[PDB]
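Next up: a single chain in C-alpha cells, the form deposited in one PDB entry.
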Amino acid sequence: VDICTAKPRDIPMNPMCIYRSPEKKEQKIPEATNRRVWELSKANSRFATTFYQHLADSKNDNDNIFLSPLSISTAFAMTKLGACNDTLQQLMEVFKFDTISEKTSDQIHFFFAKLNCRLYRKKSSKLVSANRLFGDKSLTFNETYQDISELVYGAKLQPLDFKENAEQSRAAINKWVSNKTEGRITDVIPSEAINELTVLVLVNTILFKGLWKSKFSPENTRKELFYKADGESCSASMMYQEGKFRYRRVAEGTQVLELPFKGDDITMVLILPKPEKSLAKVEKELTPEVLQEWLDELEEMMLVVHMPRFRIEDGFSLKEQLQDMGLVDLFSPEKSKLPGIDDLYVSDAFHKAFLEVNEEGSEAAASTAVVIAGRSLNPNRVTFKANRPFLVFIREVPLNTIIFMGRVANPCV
C-alpha cells in the first residue's frame, strides 16, 4: 500500500479533530486530469498568489524574490495532519485548503496523496521534496501521525536536542536539507535560530533540475542594459533565440511567455509588463483567476526571445508573515494544540529557494551551440525582450501546479 494506491481509508485522522469548510456559493477541467488534483492545486495556487503579494509589499521593488509555495503548502500541510480545533481551523483557512468546497481536513491529505504521487514520480526534469518538521527529543510523537506523515508527505517527525545540542541541531538540520537538495540549498536555518527555547521548527524546500526543451545558444548571449525598478540601469547577460513558444499578449500589453523544459510537463512562465507599466501594478492586480485565465489562452507562436541569465537564492522566516496573514494559534505556546504529537507549538518556519537560469536551463551550463539551417521567419513577428523586471513561475502543467514563483527585478551582477 503506497502513495499511488492510497484510498481515503488509508489516510485516517482523529475525529473531534476535523474541520468542515463551507460550500462555495466554473470548471476549466481538461482531459484525463484527476479532479481532486485539480481542486487542490487551485487552492495551493490561491495561497501561492496571496502569500506572494504580501511578501512583495514587505520588500523593495528592486529586490529579487523566489520561493516555492508548493513547498510551504506541503510543509504546513504535513504539520496540519496533527492539528486540531482552533489551531486547525486556521491552517485550513490560511492555506486556502478550506476553499475546496465542503471537503474536510481529512480529505485534503488524500488529495496531497494523489498530487504527491504524480508530482515526484520520476530521465530529465527531476523534482525532489525536502520537507521535514523538527521538535525536541522529548514527549509523545504519536506514531499514527508519522506512519502517515510518511505515506503522504514522505518524511518522519525527527526529534532533536534543543538544550545540550541546540547548536549541533541547527547543523543536523542544515546538513540534512543541503544533502537532499544535491547541495543547492545550504544554510537552511539561519544563524542564532536554534537554542533551548526552540520547541518546534519547520523546514521546507524543493529541488528542480531540467533542460530547456529549446536551448538558447551561448554564441548568442550579449551584455545588455536592464532597466530597474528605480530609474537606473545595469549590465546583464541577455540570452537570445527564436522559435515556437506558447505566448499571449494580455491586459495593457503585458507579455506572457512559456519556455518549456525537456518533457514539457514542467515549464517556466515569464510575465513581463509593458515599459510604461510597473511590475507593481501587475503584481497587485495578479489574482489566482486572472493568472489562471492568462495561461489558458496561450497559443503556440513564432517569436524572438530576449531573456537575461540570472541566479536567485532566498531565505525566509515564514512565521511573522504567516501570522500577519491569520495563522497564529500554531505559533503561540499557550494557544497551540497539536494532539498529533505538553505546551507544544512552532518556534519558527524556515524556507530556502534556489534558481539559476542559463542557456541550457537549470542544470549546469555547457557550450551546446545551435545551428538552424533552412529557416526564414516573418519579418513582422512578435518580440519578447525582458530587459526590465518580470515575474517567474515554474509550473507542472498536467497537475496545474505552481511549483516555484519569483521576481527577477535585478539580474545583473
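Residues carry their position along the shown sequence, with the first being 1.
There is also a form deposited with a partner chain bound; it is not shown, and the following applies to it.
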Single option in 108, 189, 115, 152 placed near its partner chain in the bound PDB entry, where near means a heavy atom within 4.5 Å: 189
How about residue 199: is it within 4.5 Å of its partner chain in the bound PDB entry, going by heavy atoms? yes
Is residue 347 close enough to touch its partner chain in the bound PDB entry, meaning at least one heavy atom pair within 4.5 Å? yes
Contact of residue 341 with its partner chain in the bound PDB entry (heavy atom, 4.5 Å): yes
So in the bound PDB entry, does any heavy atom of residue 269 sit within 4.5 Å of its partner chain? no
